[PDB]
Amino acid sequence: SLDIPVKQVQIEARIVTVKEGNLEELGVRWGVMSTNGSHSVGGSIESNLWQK
Amino acid sequence: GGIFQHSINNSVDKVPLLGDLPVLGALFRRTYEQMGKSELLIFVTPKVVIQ
């Protein structure tokens, strides 16, 4: 009664992955340098000491 | 048994507003695209030798 043919099974796994990304950057760089005669304007102290 | 694989990648880097113009935009962007596919299978077949 025990020894009989058995069944068979088919198993299928499925792994799925999805990715998205976005990036944005804005930047600014500016400078000035002016002199008037005994009067100056700059962006640092070494700047004013150089334009002399 | 077997194993099946598939993959797709896309990427763009552009100038914030110009890289979207209809025909001129291609002057303001880099575009990258890649796709791969793979498949593996295993078979077996027995036979009784009948002399």
# chains A, B, ... in the order shown; residues from 1 in each chain; ligands from 1
$ interface_residues --of "chain B" --to "chain A" --cutoff "12 Å" --atoms "only C-alpha atoms" --output "PyMOL selection string"
chain B and resi 1-17
$ write_last_selection --atoms "C-alpha atoms" --output "tab-separated table (two decimals), in the first residue's frame"
chain	number	residue	atom	x	y	z
B	1	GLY	CA	15.22	24.38	-14.33
B	2	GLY	CA	16.40	27.67	-15.72
B	3	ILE	CA	17.09	31.29	-14.96
B	4	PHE	CA	15.89	34.33	-16.91
B	5	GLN	CA	17.23	37.88	-16.55
B	6	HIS	CA	16.51	41.26	-18.11
B	7	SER	CA	17.71	44.79	-17.42
B	8	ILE	CA	17.28	48.34	-18.78
B	9	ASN	CA	19.06	51.59	-17.87
B	10	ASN	CA	18.52	55.17	-19.02
B	11	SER	CA	20.21	58.41	-18.04
B	12	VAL	CA	20.35	62.09	-19.05
B	13	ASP	CA	22.29	65.10	-17.88
B	14	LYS	CA	21.36	68.44	-19.37
B	15	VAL	CA	21.15	72.20	-19.00
B	16	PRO	CA	18.16	73.06	-16.79
B	17	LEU	CA	15.96	74.70	-19.44
$ select_by_dssp --residues "chain B" --states "strand (DSSP E)" --output "VMD selection string"
chain B and resid 2 to 14 29 to 41
$ write_last_selection --atoms "N, CA, C and O atoms" --output "tab-separated table (two decimals), in the first residue's frame"
chain	number	residue	atom	x	y	z
B	2	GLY	N	15.78	26.62	-14.93
B	2	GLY	CA	16.40	27.67	-15.72
B	2	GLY	C	16.37	28.97	-14.97
B	2	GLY	O	15.74	29.09	-13.92
B	3	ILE	N	17.07	29.95	-15.52
B	3	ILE	CA	17.09	31.29	-14.96
B	3	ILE	C	16.97	32.29	-16.10
B	3	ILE	O	17.63	32.15	-17.13
B	4	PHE	N	16.12	33.29	-15.92
B	4	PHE	CA	15.89	34.33	-16.91
B	4	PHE	C	16.24	35.68	-16.30
B	4	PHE	O	15.90	35.94	-15.15
B	5	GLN	N	16.91	36.55	-17.06
B	5	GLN	CA	17.23	37.88	-16.55
B	5	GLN	C	17.06	38.93	-17.63
B	5	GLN	O	17.31	38.67	-18.81
B	6	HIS	N	16.69	40.13	-17.21
B	6	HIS	CA	16.51	41.26	-18.11
B	6	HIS	C	16.86	42.54	-17.37
B	6	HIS	O	16.65	42.64	-16.16
B	7	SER	N	17.41	43.52	-18.08
B	7	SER	CA	17.71	44.79	-17.42
B	7	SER	C	17.74	45.94	-18.42
B	7	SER	O	18.11	45.74	-19.58
B	8	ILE	N	17.38	47.13	-17.95
B	8	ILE	CA	17.28	48.34	-18.78
B	8	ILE	C	17.72	49.54	-17.96
B	8	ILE	O	17.25	49.74	-16.84
B	9	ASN	N	18.60	50.37	-18.53
B	9	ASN	CA	19.06	51.59	-17.87
B	9	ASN	C	18.97	52.77	-18.82
B	9	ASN	O	19.28	52.65	-20.00
B	10	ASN	N	18.57	53.92	-18.28
B	10	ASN	CA	18.52	55.17	-19.02
B	10	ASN	C	19.08	56.29	-18.17
B	10	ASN	O	18.95	56.28	-16.95
B	11	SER	N	19.69	57.28	-18.81
B	11	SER	CA	20.21	58.41	-18.04
B	11	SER	C	20.37	59.63	-18.94
B	11	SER	O	20.64	59.49	-20.13
B	12	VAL	N	20.20	60.81	-18.35
B	12	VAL	CA	20.35	62.09	-19.05
B	12	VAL	C	21.00	63.09	-18.10
B	12	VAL	O	20.67	63.13	-16.92
B	13	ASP	N	21.91	63.90	-18.62
B	13	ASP	CA	22.29	65.10	-17.88
B	13	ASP	C	22.30	66.29	-18.83
B	13	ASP	O	22.86	66.20	-19.92
B	14	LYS	N	21.67	67.38	-18.43
B	14	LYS	CA	21.36	68.44	-19.37
B	14	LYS	C	21.48	69.80	-18.72
B	14	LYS	O	21.86	69.93	-17.56
B	29	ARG	N	22.74	68.41	-23.92
B	29	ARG	CA	22.45	67.25	-23.08
B	29	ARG	C	23.30	66.07	-23.51
B	29	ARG	O	23.67	65.94	-24.68
B	30	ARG	N	23.59	65.19	-22.55
B	30	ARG	CA	24.18	63.89	-22.82
B	30	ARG	C	23.18	62.82	-22.43
B	30	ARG	O	22.54	62.93	-21.38
B	31	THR	N	23.05	61.81	-23.28
B	31	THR	CA	22.07	60.75	-23.16
B	31	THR	C	22.75	59.38	-23.21
B	31	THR	O	23.64	59.15	-24.03
B	32	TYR	N	22.32	58.49	-22.32
B	32	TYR	CA	22.91	57.16	-22.18
B	32	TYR	C	21.81	56.13	-22.07
B	32	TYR	O	20.82	56.37	-21.37
B	33	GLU	N	21.96	55.00	-22.75
B	33	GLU	CA	20.94	53.96	-22.71
B	33	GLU	C	21.54	52.57	-22.89
B	33	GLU	O	22.37	52.36	-23.78
B	34	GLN	N	21.10	51.62	-22.06
B	34	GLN	CA	21.70	50.29	-22.08
B	34	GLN	C	20.64	49.24	-21.81
B	34	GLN	O	19.65	49.49	-21.12
B	35	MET	N	20.75	48.06	-22.44
B	35	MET	CA	19.81	46.96	-22.24
B	35	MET	C	20.51	45.59	-22.32
B	35	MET	O	21.34	45.38	-23.20
B	36	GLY	N	20.18	44.68	-21.41
B	36	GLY	CA	20.77	43.35	-21.40
B	36	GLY	C	19.74	42.27	-21.18
B	36	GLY	O	18.69	42.51	-20.57
B	37	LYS	N	20.04	41.08	-21.68
B	37	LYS	CA	19.12	39.95	-21.53
B	37	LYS	C	19.90	38.64	-21.49
B	37	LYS	O	20.84	38.45	-22.26
B	38	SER	N	19.48	37.74	-20.61
B	38	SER	CA	20.21	36.48	-20.42
B	38	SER	C	19.24	35.35	-20.13
B	38	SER	O	18.19	35.56	-19.52
B	39	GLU	N	19.61	34.14	-20.55
B	39	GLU	CA	18.74	32.99	-20.35
B	39	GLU	C	19.54	31.71	-20.23
B	39	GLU	O	20.45	31.47	-21.03
B	40	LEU	N	19.20	30.91	-19.22
B	40	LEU	CA	19.89	29.62	-18.97
B	40	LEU	C	18.84	28.51	-18.82
B	40	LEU	O	17.80	28.77	-18.19
B	41	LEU	N	19.11	27.35	-19.40
B	41	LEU	CA	18.21	26.20	-19.32
B	41	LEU	C	19.00	24.91	-19.12
B	41	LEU	O	20.11	24.76	-19.63
$ select_by_dssp --residues "chain A" --states "alpha helix (DSSP H)" --output "JSON, numbers by chain"
{"A": [45, 46, 47, 48, 49, 50]}
$ write_last_selection --atoms "N, CA, C and O atoms" --output "mmCIF file, in the first residue's frame"
data_model
loop_
_atom_site.group_PDB
_atom_site.id
_atom_site.type_symbol
_atom_site.label_atom_id
_atom_site.label_comp_id
_atom_site.auth_asym_id
_atom_site.auth_seq_id
_atom_site.Cartn_x
_atom_site.Cartn_y
_atom_site.Cartn_z
ATOM 1 N N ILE A 45 40.387 92.268 2.452
ATOM 2 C CA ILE A 45 41.426 93.208 2.839
ATOM 3 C C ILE A 45 42.686 93.024 2.001
ATOM 4 O O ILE A 45 43.336 93.997 1.621
ATOM 5 N N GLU A 46 43.024 91.779 1.673
ATOM 6 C CA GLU A 46 44.160 91.533 0.795
ATOM 7 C C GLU A 46 43.892 92.053 -0.612
ATOM 8 O O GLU A 46 44.820 92.442 -1.332
ATOM 9 N N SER A 47 42.624 92.084 -1.018
ATOM 10 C CA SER A 47 42.275 92.664 -2.306
ATOM 11 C C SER A 47 42.581 94.154 -2.337
ATOM 12 O O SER A 47 43.229 94.641 -3.270
ATOM 13 N N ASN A 48 42.140 94.895 -1.320
ATOM 14 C CA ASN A 48 42.401 96.328 -1.284
ATOM 15 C C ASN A 48 43.885 96.620 -1.115
ATOM 16 O O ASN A 48 44.379 97.646 -1.587
ATOM 17 N N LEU A 49 44.613 95.746 -0.423
ATOM 18 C CA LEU A 49 46.048 95.971 -0.292
ATOM 19 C C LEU A 49 46.778 95.653 -1.590
ATOM 20 O O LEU A 49 47.890 96.136 -1.813
ATOM 21 N N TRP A 50 46.180 94.830 -2.454
ATOM 22 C CA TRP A 50 46.824 94.537 -3.731
ATOM 23 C C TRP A 50 46.619 95.659 -4.738
ATOM 24 O O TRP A 50 47.547 96.016 -5.468
#
$ residues_around --residues "residue 42 of chain A" --least-positions-apart "5" --cutoff "9 Å" --atoms "only C-alpha atoms" --output "PDB file with N, CA and C atoms, in the first residue's frame"
ATOM      1  N   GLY A  31      32.189  89.093  -8.436  1.00  0.00           N
ATOM      2  CA  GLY A  31      33.147  89.932  -7.740  1.00  0.00           C
ATOM      3  C   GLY A  31      33.241  91.317  -8.340  1.00  0.00           C
ATOM      4  N   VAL A  32      33.718  92.264  -7.534  1.00  0.00           N
ATOM      5  CA  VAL A  32      33.883  93.648  -7.952  1.00  0.00           C
ATOM      6  C   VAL A  32      35.229  94.154  -7.454  1.00  0.00           C
ATOM      7  N   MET A  33      35.715  95.216  -8.089  1.00  0.00           N
ATOM      8  CA  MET A  33      37.005  95.786  -7.706  1.00  0.00           C
ATOM      9  C   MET A  33      37.075  97.204  -8.235  1.00  0.00           C
ATOM     10  N   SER A  34      37.140  98.194  -7.353  1.00  0.00           N
ATOM     11  CA  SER A  34      37.092  99.564  -7.832  1.00  0.00           C
ATOM     12  C   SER A  34      37.969 100.455  -6.968  1.00  0.00           C
ATOM     13  N   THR A  35      38.453 101.537  -7.568  1.00  0.00           N
ATOM     14  CA  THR A  35      39.276 102.511  -6.866  1.00  0.00           C
ATOM     15  C   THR A  35      38.835 103.908  -7.279  1.00  0.00           C
ATOM     16  N   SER A  47      42.624  92.084  -1.018  1.00  0.00           N
ATOM     17  CA  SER A  47      42.275  92.664  -2.306  1.00  0.00           C
ATOM     18  C   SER A  47      42.581  94.154  -2.337  1.00  0.00           C
ATOM     19  N   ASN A  48      42.140  94.895  -1.320  1.00  0.00           N
ATOM     20  CA  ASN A  48      42.401  96.328  -1.284  1.00  0.00           C
ATOM     21  C   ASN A  48      43.885  96.620  -1.115  1.00  0.00           C
TER      22      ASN A  48
END
$ atom_distance --atom1 "atom CA of residue 38 of chain A" --atom2 "atom CA of residue 52 of chain A"
9.8 Å
$ atom_distance --atom1 "atom CA of residue 51 of chain B" --atom2 "atom CA of residue 6 of chain A"
29.9 Å
$ atom_distance --atom1 "atom CA of residue 50 of chain B" --atom2 "atom CA of residue 5 of chain A"
23.9 Å
